[PDB]
Each structure stands twice: as C-alpha cells, then as structure tokens.
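Report on one structure; see the data block that follows.
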Amino acid sequence: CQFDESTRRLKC
Amino acid sequence: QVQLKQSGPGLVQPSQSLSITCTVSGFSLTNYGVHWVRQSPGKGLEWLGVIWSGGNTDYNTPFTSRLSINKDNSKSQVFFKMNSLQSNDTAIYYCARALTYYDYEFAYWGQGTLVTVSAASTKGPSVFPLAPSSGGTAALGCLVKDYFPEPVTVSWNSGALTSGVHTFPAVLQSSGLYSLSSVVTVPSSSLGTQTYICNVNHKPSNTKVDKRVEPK
Amino acid sequence: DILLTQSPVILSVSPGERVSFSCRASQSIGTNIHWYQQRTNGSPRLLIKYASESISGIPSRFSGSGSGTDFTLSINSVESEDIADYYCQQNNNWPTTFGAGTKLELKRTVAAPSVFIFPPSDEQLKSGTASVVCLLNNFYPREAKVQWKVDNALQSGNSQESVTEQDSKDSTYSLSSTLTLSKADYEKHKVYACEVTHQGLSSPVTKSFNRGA
Numbered sequence: 114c115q116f117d118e119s120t121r122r123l124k125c
Numbered sequence: 077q078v079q080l081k082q083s084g085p086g087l088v089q090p091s092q093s094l095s096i097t098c099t100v101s102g103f104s105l106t107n108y109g110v111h112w113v114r115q116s117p118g119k120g121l122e123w124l125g126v127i128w129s130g131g132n133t134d135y136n137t138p139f140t141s142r143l144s145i146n147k148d149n150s151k152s153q154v155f156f157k158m159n160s161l162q163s164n165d166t167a168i169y170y171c172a173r174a175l176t177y178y179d180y181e182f183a184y185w186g187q188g189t190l191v192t193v194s195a196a197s198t199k200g201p202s203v204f205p206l207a208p209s210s211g212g213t214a215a216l217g218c219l220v221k222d223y224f225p226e227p228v229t230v231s232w233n234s235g236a237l238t239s240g241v242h243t244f245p246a247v248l249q250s251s252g253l254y255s256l257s258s259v260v261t262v263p264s265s266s267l268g269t270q271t272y273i274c275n276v277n278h279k280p281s282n283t284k285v286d287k288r289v290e291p292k
Numbered sequence: 018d019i020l021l022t023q024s025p026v027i028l029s030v031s032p033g034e035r036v037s038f039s040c041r042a043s044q045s046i047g048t049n050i051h052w053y054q055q056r057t058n059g060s061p062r063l064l065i066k067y068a069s070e071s072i073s074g075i076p077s078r079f080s081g082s083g084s085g086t087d088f089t090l091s092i093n094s095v096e097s098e099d100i101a102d103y104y105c106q107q108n109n110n111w112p113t114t115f116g117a118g119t120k121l122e123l124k125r126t127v128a129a130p131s132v133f134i135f136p137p138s139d140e141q142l143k144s145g146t147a148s149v150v151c152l153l154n155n156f157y158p159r160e161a162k163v164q165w166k167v168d169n170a171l172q173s174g175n176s177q178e179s180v181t182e183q184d185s186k187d188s189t190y191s192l193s194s195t196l197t198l199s200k201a202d203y204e205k206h207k208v209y210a211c212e213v214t215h216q217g218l219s220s221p222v223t224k225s226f227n228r229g230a
C-alpha cells in the first residue's frame with residue numbers, strides 16, 4: 114500500500 | 077478550543093526551500109512545544125522535528141542539515157523551513173501539538189499543507205458545468221479542468237449543500253495538469269426554485285470561481 | 018530506528034463485527050505506543066495513548082492492549098464512520114517512528130449504480146476541447162466496467178476514471194468516467210453512449226445522448 118496525497122488515504 | 081492552522085499549499089521548485097507558517101490558538105507557545113510531521117507516498121508518516129517552549133530545537137537525523145524551526149511567542153507563529161527539496165520531498169506537511177508539554181502523543185494537528193516539488197508553473201483551472209437533464213432525482217455538478225498543482229477545494233452553495241455531494245479525486249492528465257469533477261444529486265422539482273453554485277478555490281494560483289449550474 | 022510492522026495491510030469486515038489491528042516492533046518498547054485514525058482527506062486523529070489509555074472524546078468501542086513488541090488496536094463493534102486507515106507510533110526510542118498503516122474497508126449489501134451522462138458544455142467547446150462525463154453513483158462493490166461508444170465505435174485509451182473512497186454513511190462508492198475528445202472530433206459524430214456493467218445490474222445499463230438533441 115502507498116499513501117496518496119490527493120485523498121490522504123492508503124491506496125493498495 | 078485548541079487549534080493549529082498552517083499556511084496554504086503550493087509549489088516549490090527543485091533545489092529550492094520550503095516555508096510553512098503554523099499559527100496556534102487555545103494555548104501559548106511558551107507552555108507547549110510544536111512538532112512537525114510529514115506524510116509522503118514513499119515513506120509514509122515521518123517525524124521531522126520540534127521546537128520546545130524554551131526555544132530549543134531537535135531535528136530528526138536525516139534533516140539536521142536542511143531543517144530550521146523558529147517561532148514568535150507573541151504572535152503565536154511557528155516557522156518551518158526546509159532547504160534544497162527534491163521530488164521525494166513532496167508530501168503532506170503537518171504541525172502538531174502533544175497532550176503534555178514534554179511528550180509525543182499528538183492530540184492536536186494542523187490541517188496539513190500539501191507541498192509539490194516541480195519546476196512546472198502554477199495554473200488556475202477552468203470550471204465548466206455538468207448540466208442536469210431518474211425517479212425525480214436530478215444529478216448535476218462541475219468540471220474543474222486543467223490546473224496545477226494539487227489541491228483544489230470544492231463546496232456547494234457556500235457550504236450550505238453537503239448531502240449527496242461527491243467530489244472525486246483529481247486525476248493527472250497527459251498534459252501534466254490535473255482535473256476533477258464534483259457532483260451532487262438533488263430533487264428535480266427543486267431545479268426551478270433553488271440555485272446550485274459550486275465554489276471552486278485553487279489557492280496555489282489565487283483562482284477563485286463560483287459556477288452556477290443550470291439545466292440547459 | 019525502531020521498525021514498526023502493521024498487519025495486515027487491508028482489513029475487510031462487516032458492520033457490528035469486532036476487528037483488531039496489529040502493530041509489531043523490531044524490539045521491545047514497553048507500552049510506549051500510540052494509535053491514530055485517518056479519514057479521507059483528514060489529518061491523524063489520536064485514538065489511544067500508551068497502548069491502552071483512553072483519549073477524551075474518542076468513542077468507547079476503541080481500545081488497545083499489548084506490551085513489549087506485539088500490540089493490538091480493537092473496535093468491538095465497527096460502524097460505517099470507522100472507514101479509515103489506522104497507524105501506530107512508538108516513542109520508547111528516539112526518534113519516534115510510525116507504522117505503515119492498515120486500511121479498514123466495510124462490506125455491505127450489493128447496490129446497483131445510478132448512471133448519469135453529461136454532454137460537454139458550450140463553454141468548454143469554445144476552447145476546442147470536449148469532455149463527456151459518465152457518473153456511476155452510490156454502488157457497491159467497487160468493481161465496475163464503463164464502455165464508451167461514439168457512433169457505435171468502441172473508444173479505448175481516451176477516457177480516465179476516478180473513484181471516491183467509501184462513503185462514511187452508506188458505505189458506497191461513486192465513479193466518474195470522463196471521455197475527452199478534440200472539438201473537431203466531437204462535432205464530426207452524433208451518438209455518444211456510456212455503457213455500465215456492474216454486479217448489481219442484471220443487464221448493462223446504457224446512457225446516451227445525440228449531440229444537439
């Protein structure tokens with residue numbers, strides 16, 4: 114999983 | 077109430093410096109230290125440093141050389157500055173305060189400052205209507221096209237409309253510019269009575285647009 | 018630096034069920050561990066401090082335990098508002114470090130999307146670019162197919178998709194598919210169709226318009 118700055122959520 | 081409010085998001089060129097201001101209220105910088113934390117795609121959450129009540133500073137080891145924290149007790153401002161940024165220094169940067177003056181359990185956070193490291197230039201977006209035209213429920217929205225960098229804020233009717241709002245994550249186009257849509261579902265019988273405005277603000281470019289969305 | 022390993026990376030549970038998060042440390046850190054919640058476009062919210070102590074204003078379904086190297090955050094009856102990522106933080110050794118986080122997803126009943134299609138606005142056509150938007154609204158689960166067709170010609174490579182995170186109230190997703198043409202191409206064609214395939218529909222649903230009318 115990587116953190117996503119747009120949503121501030123982890124995208125797996 | 078206790079709050080921390082940081083300065084706006086924006087673009088910093090490669091090898092250039094980053095500067096964020098953390099303004100606090102509900103407590104005094106002479107009684108609590110202020111910490112700085114970032115959150116990046118590559119390294120996740122990452123403690124950067126702290127300035128204590130007495131003005132002393134600690135910096136996480138890989139940042140000792142390019143980090144400097146200062147403050148102004150009278151004006152309740154903490155100043156964050158980091159030197160020579162690279163691409164992997166793009167992250168959400170936060171200021172935060174702990175529960176007790178000496179500790180590290182972060183009960184209060186700033187709203188965050190998304191920082192983009194790019195030699196590209198800022199560009200405001202164009203705002204286009206997604207005009208309505210099943211079962212008495214009408215869908216409408218706004219197209220926020222061709223801006224850089226992230227982020228952009230969208231609301232509806234100056235904040236008074238939130239139920240049924242979906243604002244989609246931005247997507248990076250082949251041009252290198254971002255794009256998103258923001259939609260809302262409303263009763264179709266209310267399209268004759270109500271006005272529907274999407275409030276778009278792209279702070280990196282000082283672009284602020286209210287777009288009225290009507291049936292064609 | 019202490020390494021913090023959170024397991025697993027994704028948790029998928031149903032409402033009212035119990036759920037546990039795991040945080041393991043590369044060496045003993047006593048009870049010097051803190052937990053955080055991060056909702057969509059939020060900043061971290063402090064849930065538990067020192068493995069097990071409660072935080073003012075945090076609902077009682079949150080609790081934590083553990084000591085040494087193995088720690089557990091628990092939600093004894095999960096709710097839709099709990100959809101978020103969860104991190105752990107150690108502060109027994111300098112510098113304080115965070116784990117990589119666990120994503121919490123919620124299962125719910127199958128919901129079919131409501132499909133809407135928007136032609137491009139005359140305002141956008143004045144810049145020589147056309148955006149056709151197809152909206153799939155409030156559906157579960159996340160997997161769905163959007164197939165674009167212009168004058169019965171299949172479109173490939175000229176559309177982009179964006180999906181919301183899970184809604185905190187009804188646990189649904191919404192999707193936008195945007196088909197992007199030049200203005201010249203858009204004016205040369207007539208029938209613009211968006212076909213949607215989803216588990217909640219017994220047939221593909223097609224929303225279309227004729228340029229003009």
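Chains as they are written, first to last, in our numbering: chain H, 114 to 125; chain R, 77 to 292; chain Y, 18 to 230. Cβ atoms here follow ideal geometry from the backbone N, Cα and C, with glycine treated the same way.
(request) Report yes or no: do the region 163–170 of chain Y and the region 242–256 of chain R share at least 3 C-beta pairs separated by less than 8 Å? (result) No contact exists between the region 163–170 of chain Y and the region 242–256 of chain R.
(request) Would you mind listing the beta strand (DSSP E) stretches within the region 165–207 of chain Y that are 3+ residues and don't spill past its ends, in chain order? (result) Under the rule that a run must span 3 or more residues, the beta strand (DSSP E) segments found entirely inside the region 165–207 of chain Y read 176–180, 190–199.
(request) Please state whether DSSP places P280 of chain R in a helix, a strand or coil. (result) helix
(message) Strictly under 8 Å for the Cβ-Cβ distance: is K221 of chain R near chain Y by that measure?
(response) yes
(request) Report the rounded CA-to-CA distance for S131 of chain Y versus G47 of chain Y, giving the unit in angstroms. (result) 51 Å
(request) Run down chain Y in chain order and give the residues with a C-beta less than 7 Å from the C-beta of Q187 of chain R. (result) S60
(message) Please state the DSSP three-state secondary structure of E226 of chain R.
(response) coil
(message) If I measure Cβ to Cβ from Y177 of chain R and keep anything under 7 Å in the same chain, skipping five residues before and after, which residues do I get?
(response) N107, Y108, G109, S129
(request) Helix, strand or coil for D179 of chain R, going by three-state DSSP, please let me know. (result) Correct three-state label for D179 of chain R: coil.
(request) Evaluate contact between the region 85–104 of chain Y and the region 113–123 of chain Y, counting only Cβ atoms and requiring at least three cross-stretch pairs below 8 Å. (result) yes
(message) So, at 6 Å on beta carbons, what are the nonlocal neighbours of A147 of chain Y in its own chain, with the 5 sequence-adjacent residues on each side left out?
(response) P137, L198, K200, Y203
(request) Out of R:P225, R:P208, R:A236, state which residue places its alpha-carbon closest to the alpha-carbon of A195 of chain R. (result) R:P225
(message) Quick check: what's the CA-CA separation for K143 of chain Y versus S225 of chain Y?
(response) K143 of chain Y and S225 of chain Y: Cα-Cα distance of roughly 23 Å.
(message) Looking at chain H, is there any beta carbon in it that lies within less than 8 Å of the beta carbon of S116 of chain R?
(response) yes
(request) Closer than 9 Å by beta-carbon distance: list the chain H residues that pair up with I168 of chain R, in chain order. (result) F116, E118, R121
(message) Please confirm whether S257 of chain R has its beta-carbon closer than 8 Å to some beta-carbon of chain Y.
(response) yes
(message) I'd like to know whether the C-beta of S210 of chain R is nearer than 8 Å to at least one C-beta of chain Y.
(response) yes
(request) Say whether chain Y places a C-beta atom closer than 8 Å to the C-beta of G120 of chain R. (result) True, the Cβ-Cβ gap to chain Y drops below 8 Å.
(message) Please classify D148 of chain R as buried or exposed, where buried requires at least 16 other C-beta atoms within 10 Å of its C-beta.
(response) exposed
(request) Rounded to whole angstroms, what's the CA-CA distance from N164 of chain R to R228 of chain Y? Just pull it up for me. (result) 45 Å
(message) Below 7 Å on C-beta distance, what does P245 of chain R contact in chain B?
(response) No chain B is part of this structure, whose protein chains are labelled H, R and Y.
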